[PDB]
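Scope of the values below: all heavy atoms of this structure, side chains included, with no hydrogens, waters or symmetry mates. Each chain gets a letter, A, B and so on, in the order its sequence line appears, and its residues count up from 1. Whatever order the structure lists them in is the order used to number ligands and atoms, beginning at 1.
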Amino acid sequence: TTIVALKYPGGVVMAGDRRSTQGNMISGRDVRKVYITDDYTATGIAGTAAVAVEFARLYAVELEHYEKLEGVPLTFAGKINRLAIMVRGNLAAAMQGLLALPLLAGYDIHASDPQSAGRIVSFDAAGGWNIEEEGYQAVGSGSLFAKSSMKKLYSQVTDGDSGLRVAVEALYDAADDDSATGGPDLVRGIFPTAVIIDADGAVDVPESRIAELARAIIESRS
Amino acid sequence: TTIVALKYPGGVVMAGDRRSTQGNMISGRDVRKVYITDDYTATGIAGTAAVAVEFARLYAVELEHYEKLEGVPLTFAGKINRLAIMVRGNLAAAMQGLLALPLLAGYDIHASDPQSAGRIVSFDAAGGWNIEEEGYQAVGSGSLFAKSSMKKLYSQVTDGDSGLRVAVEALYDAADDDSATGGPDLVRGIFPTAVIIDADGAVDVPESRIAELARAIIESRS
Amino acid sequence: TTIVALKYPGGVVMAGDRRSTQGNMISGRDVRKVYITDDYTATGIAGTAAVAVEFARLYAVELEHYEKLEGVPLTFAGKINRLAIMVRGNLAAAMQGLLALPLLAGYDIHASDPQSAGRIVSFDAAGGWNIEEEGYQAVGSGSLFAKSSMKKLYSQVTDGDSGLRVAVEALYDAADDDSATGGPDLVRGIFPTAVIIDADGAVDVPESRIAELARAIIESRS
Amino acid sequence: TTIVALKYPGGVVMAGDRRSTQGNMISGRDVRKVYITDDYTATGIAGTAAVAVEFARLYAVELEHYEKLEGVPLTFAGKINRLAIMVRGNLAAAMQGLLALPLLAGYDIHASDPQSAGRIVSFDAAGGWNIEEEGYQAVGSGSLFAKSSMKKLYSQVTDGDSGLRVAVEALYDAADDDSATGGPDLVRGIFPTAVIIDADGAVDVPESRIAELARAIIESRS
Amino acid sequence: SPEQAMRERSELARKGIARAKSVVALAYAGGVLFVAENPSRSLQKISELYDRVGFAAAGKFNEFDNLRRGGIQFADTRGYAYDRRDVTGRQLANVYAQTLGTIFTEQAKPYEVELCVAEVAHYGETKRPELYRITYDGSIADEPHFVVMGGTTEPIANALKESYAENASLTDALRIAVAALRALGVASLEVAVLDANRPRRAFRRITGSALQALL
Amino acid sequence: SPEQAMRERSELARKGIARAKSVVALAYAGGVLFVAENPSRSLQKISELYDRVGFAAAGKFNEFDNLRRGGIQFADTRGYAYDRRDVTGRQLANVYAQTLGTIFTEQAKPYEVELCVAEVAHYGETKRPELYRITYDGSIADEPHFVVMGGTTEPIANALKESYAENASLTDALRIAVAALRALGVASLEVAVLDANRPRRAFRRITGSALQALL
Amino acid sequence: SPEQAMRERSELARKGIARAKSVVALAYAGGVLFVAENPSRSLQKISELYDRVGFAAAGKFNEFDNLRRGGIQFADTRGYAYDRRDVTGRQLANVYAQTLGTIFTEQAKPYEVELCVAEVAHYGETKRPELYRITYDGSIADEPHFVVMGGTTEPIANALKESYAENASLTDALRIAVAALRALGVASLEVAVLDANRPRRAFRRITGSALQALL
Amino acid sequence: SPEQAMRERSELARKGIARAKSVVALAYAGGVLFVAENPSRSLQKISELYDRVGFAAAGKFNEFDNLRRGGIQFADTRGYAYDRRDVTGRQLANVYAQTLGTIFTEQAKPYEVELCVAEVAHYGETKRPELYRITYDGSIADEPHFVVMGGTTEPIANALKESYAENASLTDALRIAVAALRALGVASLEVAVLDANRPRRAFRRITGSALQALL
Ligand SMILES: CC(C)C[C@H](NC(=O)CNC(=O)c1cc(Cl)ccc1Cl)B(O)O
Ligand SMILES: CC(C)C[C@H](NC(=O)CNC(=O)c1cc(Cl)ccc1Cl)B(O)O
Ligand SMILES: CC(C)C[C@H](NC(=O)CNC(=O)c1cc(Cl)ccc1Cl)B(O)O
Ligand SMILES: CC(C)C[C@H](NC(=O)CNC(=O)c1cc(Cl)ccc1Cl)B(O)O
């Protein structure tokens, strides 16, 4: 499992793979690991699948409940605090074998400068959170390879297309180096999933663009 | 124990064996492992027998209770959520030696296209559920052999008869490879049990058809 | 992690580094470890990050709550007692791997002599507190090296500038001797953080002065 | 840590050292270990510092609370019972590493003979108390050496000055034989602390007299 | 005597309802439209309960605010319990009726409120919108065309009955409702709609320049 | 009969309010100004609830002191729960209205209090200040210009209405409020302001030589 | 009717206060002086609450003894909670006012007590002593010069007002208080002082030969 | 009205006290002497509370038996809590006063009892014995010479006042008490003493041939 997120001038882009394994046996081929929490926020959780889906559905319900009750949406710090509390509450279950690690991406509409409005937040198993300032982050078992690839490929990002290409390349490198991460499937036609957040909101990326980018990358590497 | 389920154009078919063992000693020869929960849903549970019967009777009572209380039946996602909650609640008893793993088959009447209305859902020991998209699934100790047989025999399925024959063949292969699965008995006259769900509801398959199919398969293999 | 605090005629100065590690892997490069609790008090916590931030935010909220409720701020002994109670309450979590150790610096406005109004308080894992009388203190994993450096460099302190230079030099020595402490970064431009408390209140030190002092120290050592 | 107490015709004298250690590392140089509970009683606690301060502050508050509530002070036996209850309540925390052992000195104003009105009480870890009848007692890790020195030096005590000199000599011997006990510091000017209780109440001894006595003893030993 | 107590409580509730403003809910081709006369921009009388459910109230603000909060809690807990598509307005109306009956029976002072619950069809489906009216004593009724609550409703009801037209447009329905309520500019007006054409959430407010353009 | 009980309780609350002093809250260019006539220097009627929220009360001191403490508790717990910027004065006003309604309904003796909550904008932002008035029975209202509570408010209200000027200065607003209240030196005067220009905390008192200089 | 119940309870409390003795608290250069007429040597009306706080009461002994014990408990728990220097008399007065109001509202029989709390400055500091008076219904007031409670206080109040002198000595203040109370030897007299010159504890009684020498 | 309820309860208690027998407690050189007229040899009215404390009661037996048991429980628990020498009669009197006040205020029927607590000095010490009287409503008083409770006490009080002699002997005090009570052989007489000369326990009964010899 590997989920990447990065910033471009105008917003953020988040991408994730589709492989689910049970030890060394492949169990799932088209799992979706990226969710749209609200109009300007996306979350990606790694670890036990059931805990991840439960956390995602609970977080979405809590945000919607607050928005309906108070008539106004929460600020970014409030959402970070709620997610940190949810993560901290699972420490006892995080031990003994039910662990979930989230990653958050968002667009701040209250920021003075619209260009620097994209935010990426990472979390730890004890509930501590950190706001990234380097422009990219990765979570999962193949996060080190993806981070090392982005460290070299980040100079090419100029807009959304460049960032999406860099994210796909990082996922490809992570799948190349890790056996628990699923690479592109050309026999079946399964590709990673991406979400792009900008001033107009959060939109899912169509699969044709990702397929074209993956084919171009595969041709380049060959 | 092995329970198989598969999709055909028009609906779903589920099949199961009849052997019950206590270690290496044979204890039961005509156990029924497939239940009709309601008019459009079937469930098959593997593991400890008592837990399986308790889970089945409880699930049926809960569905009927909701239908009587609200005057309208639950949707498919609601039934999946209820089953997942029931499975998740037994985690502590799943450890230390009381484990039950279910498999669900159903027909969705709210689907726009009646042809693609059959659904197969699998579950894990932690309560996570997955909706199958390949067309077949198997649960139990002999599930790997049955899945590997269906992977090769799925190209022949065209209608209900073809699917039933494929399911019987998969059960036969699973019994051939596993000693905890019961094969056809010709001395006594005991055969696996099957349920077929289509637009008209869920119907039990008469034993004569299954006996004929098993005899044909045995003659072919000889 | 290393946090130093020292006294000069007129007030106190507290300084801290910016490195966060997970074992032998570097995780954070620009972490802030020094907080301004109120108009005349500063706190610095070492250990687990999440516990430290939680302790800091809780302490600030408690002080503000008392000030708003009673219409008058607490005395120094009351603040020490509250911090000691907060530390003592985490003993069970301090064992098994969630440990936080604070250090407190402050200016007493009720003291008869304004020159000798700076106070430095240290704490232990059981909740015991001690008021320093030698003029300096350090906390963290590199505290011994910083203390040994200050023991020799304390004779030069005359005013705020001298104390700030001595604090930066002590942090530099601690980073030289310890690998878990972050030194000055000239490639990126990241420097330690300092807070100065005097009769006018507590003020954050601008980064330009610290950069100049660090460059001067590096040139001197070369 | 070593605290001594002894009787002279007219009252009692209690003395204590100032060293605090964390294993083999010296942590504190001017710790005060002797408290004035009320007008005619003094207490000295050895062990964990935080537990000792908590016990002392709690005992003083309880005595003052009873005096204010009933309009009359408690008798000596009542104070002994309260201290014994407080000690007995910490047995569970005394095990596993939070141990505090007190020693009590007092002057009884209800005694028929004013000469024999000084009382010394010792306690054990289970809450049992004993009233001394030999004229001296010591508590701490160096108590054996101090007791053996007083056993030989007790014949010289005639009044308060003689008793104070004997107490200082016993503390000096205890510091000579034990490394966890602090001796006189002539470089820094730190000396043990003493309290004298007589018919007029309990008074702290000024540091000049103790410094003179320590210098005389050091000159004699040289 | 129980009769005198019930009569006095009913009279108190009737006076409290009668000394309040008027809220009107209409059904048009696009869904449900709520119109109220409210000068304040911070206190609202029309709210959203769930994806396709809308809530309107007449009476004391602090009395139906609690009811609205409770309804939102029930809907979110039921949606997480089974599914989002298993939540309907009839269950909310029944819960409101039970709560109001219990309050009218046991509490010292009855609530002076009148409630209306509106529901529209899901996206991509055709179905008649449903309107339920709940009174202070716990009575629940189903209204096929329109609901008028608060104040003197007889002239408004007569005007709406004489002027109601099925399958009307948004502007025509808004003008008809405004004319019926008059018998009212940008200020002192609160207008909300349940848009059946919206994908997931149907509730939306019309305020500002758009309201004047449509008026 | 419930009518007689409610009428008697309302009359008791009205008398208790009428036999009290007067508090006046005004909105000027710099924010919100609170003026009260209080001789004691130890008991205060104007207080701060949060960073940009201010509280004023008229009536019995021991009755609204508890309300003030409860409001501070709610604000601090909510600020720690989500964030400091997620706390607004409308929530505090709603909580106060619910508490006052519950007290008036259930308690043996109703509270003889009148409450006012004021809120200003955050630093670096432009927004109209908000003023909410809460009565003994639980009614909550929004006032755009000024709030006058306690004693005989009709002459003060008339004077303020005739003399109110928008976007006034601090000295002019203070003099206008003092003139309206007269119809009062350093002593027997309590003046507080919510400074919208302050970075984080906006509440501050004006007492001593500064008050005389501005008077 | 609530009015009749409140009037009857107030009348009962007024009679209970009126049929009691008189206690007088004065402020002089050395601090606060309490003078009461009490023949018994075992039951006391003047007590110490904390280091610099003093308590006086008039009425039924068993009724204010419980209040005194509760005040001591509050002070000791707060002193151990934060610090000894964080305890003031205003908090004790507020707690007493809340307790008395709750008793007067809920209990079947109101307390027939009148309470006075006095506070002086810390050692080495200059500050005016503070005197707070608390009545049966929960009202709290601040008195700058003197407090007279119990019995017919009008002649005593008039005599004290005509004869009060600021910055008086101990003997002169004692004689003035005795003369005011007369309008009384060693017996039937209880005299206490809060000595602002004492290091830590300020409360002390003057009884025996010293009282006669100073009389 | 509370006045009528309090008056009726006080009248009931007064009648209950008036229809009872008489108990007399005197102070002589050897300590305290209790004399009562009681024919039964199994039910007793004079008892011992602690080492130097004695208890006497007048009224209904089953009503003050519970009070006596409670007092013994309090004394033993306090003695084990701190020490035996930290227990005094004033604390017991205060506890009895609080209990009687609570019973008179809250219970449906007030207790028809009159209580007396006597205390003497410790062994080897000189001190005046202390006598405290507690009534049904909770009032507590200190009596220096003698206590007379139950029945018509005016003639007995007058006779004792005219005939009381300080520092009297045991026989003279007994004869004086008997003469005062008459205005009575071995039977229908209960005599007890608190012997201040005894080492630890001071209470002892005088019955049988010794009583006749001393009579
Ligand atoms: C979203 C999620 C797929 C994340 C990934 N985790 C897993 O796949 C872990 N696997 C299971 O939990 C699991 C899956 C099944 Cl089908 C059966 C049993 C188990 Cl034990 B990842 O690589 O970190
Ligand atoms: C429905 C059920 C038959 C499923 C199958 N499980 C078992 O047979 C396990 N067996 C027992 O539970 C059991 C049966 C008896 Cl008679 C006595 C003791 C035991 Cl321990 B399967 O192969 O997975
Ligand atoms: C303020 C704090 C940074 C103090 C320092 N402590 C740590 O860095 C300890 N590290 C973590 O807690 C931690 C950090 C992350 Cl990103 C992930 C996992 C862990 Cl386990 B110090 O050197 O004492
Ligand atoms: C009054 C007290 C100083 C008595 C003495 N005990 C100790 O010094 C034990 N030491 C600590 O408790 C302690 C002190 C610090 Cl600074 C940090 C950690 C620890 Cl673990 B003694 O010698 O018996």
Side-chain angles (χ1 to χ4, degrees), chain A residues 122-126 128-130, chain B residues 1-3 16-23 25-28 31-33 44-53 97-101 139-142 178 180-182, chain C residues 1-3 16-23 25-28 31-33 44-53 97-101 122-126 128-130 139-142 178 180-182, chain D residues 1-3 16-23 25-28 31-33 44-53 56 97-101 139-142 178 180-182:
Chain A
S122 49
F123 299 82
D124 66 34
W129 55 273
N130 211 254
Chain B
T1 300
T2 303
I3 291 136
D17 83 296
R18 331 270 312 264
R19 168 166 288 183
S20 160
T21 36
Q22 189 174 347
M25 305 282 125
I26 295 158
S27 303
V31 192
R32 293 181 198 275
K33 295 171 207 195
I45 315 105
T48 307
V51 192
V53 201
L98 293 175
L99 176 82
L101 253 190
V139 78
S141 53
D178 187 47
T181 307
Chain C
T1 300
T2 303
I3 291 136
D17 83 296
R18 331 270 312 264
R19 168 166 288 183
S20 160
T21 36
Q22 189 174 347
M25 305 282 125
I26 295 158
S27 303
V31 192
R32 293 181 198 275
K33 295 171 207 195
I45 315 105
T48 307
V51 192
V53 201
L98 293 175
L99 176 82
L101 253 190
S122 49
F123 299 82
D124 66 34
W129 55 273
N130 211 254
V139 78
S141 53
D178 187 47
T181 307
Chain D
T1 300
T2 303
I3 291 136
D17 83 296
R18 331 270 312 264
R19 168 166 288 183
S20 160
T21 36
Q22 189 174 347
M25 305 282 125
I26 295 158
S27 303
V31 192
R32 293 181 198 275
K33 295 171 207 195
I45 315 105
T48 307
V51 192
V53 201
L98 293 175
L99 176 82
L101 253 190
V139 78
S141 53
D178 187 47
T181 307

Inset, instruction - Work out which heavy atom in C:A46 is nearest to a heavy atom in C:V139; give both atom names and the distance. - result: CB-CG1, 4.4 Å
Inset, instruction - Considering only non-hydrogen protein atoms, determine which one is nearest to atom 6 (N) of ligand 2 and report residue, atom name and distance to 0.1 Å. - result: B:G47 O, 2.9 Å
Legend entry - Any donor-acceptor pair under 3.5 Å from B:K33 side chain to B:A52 backbone: no
Inset, instruction - Using atom types as modelled and distance alone, determine if a side-chain donor or acceptor of D:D17 lies under 3.5 Å from a backbone N or O of D:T181. - result: no
Inset, instruction - Distance to 0.1 Å, residue and atom name: give those for the protein heavy atom nearest to atom 5 (C) of ligand 4. - result: D:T1 OG1, 2.5 Å
Inset, instruction - Counting heavy atoms only, name the option from D:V31, D:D178, D:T21 that's nearest to atom 10 (N) of ligand 4. - result: D:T21
Legend entry - atom 16 (Cl) of ligand 3: any protein heavy atom closer than 4.0 Å: yes
Inset, instruction - Go through the steps for D:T1 and D:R19 under the test side-chain contact (heavy atoms from CB on, under 4.5 Å), then give the verdict. - result: CA-CA 7 Å; D:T1 300; D:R19 168 166 288 183; over 6 Å; no
Inset, instruction - Determine the minimum heavy-atom distance between D:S27 and D:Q22, stating which atoms define it. - result: OG-CB, 3.4 Å
Inset, instruction - Taking D:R18 for its side chain and D:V31 for its backbone only, find out whether a donor-acceptor pair lies under 3.5 Å. - result: yes
Inset, instruction - Apply the side chain to side chain contact (heavy atoms under 4.5 Å, CB included) test between B:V51 and each candidate in B:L101, B:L98, B:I45; give the one that qualifies. - result: B:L98
Inset, instruction - Quick one: look up the protein heavy atom nearest atom 14 (C) of ligand 4 and list residue, atom name and how far away it is. - result: D:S20 OG, 3.9 Å
Inset, instruction - Go through ligand 4 atom by atom and flag the ones less than 4.0 Å from a non-hydrogen atom of D:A49. - result: 12 (O)
Inset, instruction - Below 4.0 angstrom from a heavy atom of D:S27, which ligand 4 atoms are there? Numbered from 1 as shown, please. - result: 16 (Cl)
Inset, instruction - Verify the contact flag for atom 22 (O) of ligand 2, where contact means a protein heavy atom under 4.0 Å away. - result: yes
Inset, instruction - Just jot down the ligand 4 atoms closer than 4.0 angstrom to any heavy atom of D:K33, in number order. - result: 1 (C)
Legend entry - D:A52, portion touching ligand 4 at heavy-atom distance under 4.0 Å: neither
Legend entry - Nearest non-hydrogen partners of C:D178 and C:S141, listed with the distance: OD2-OG, 3.3 Å
Inset, instruction - Return the residue, atom name and 0.1 Å-rounded distance of the protein heavy atom closest to atom 19 (C) of ligand 2. - result: B:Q22 CG, 4.2 Å
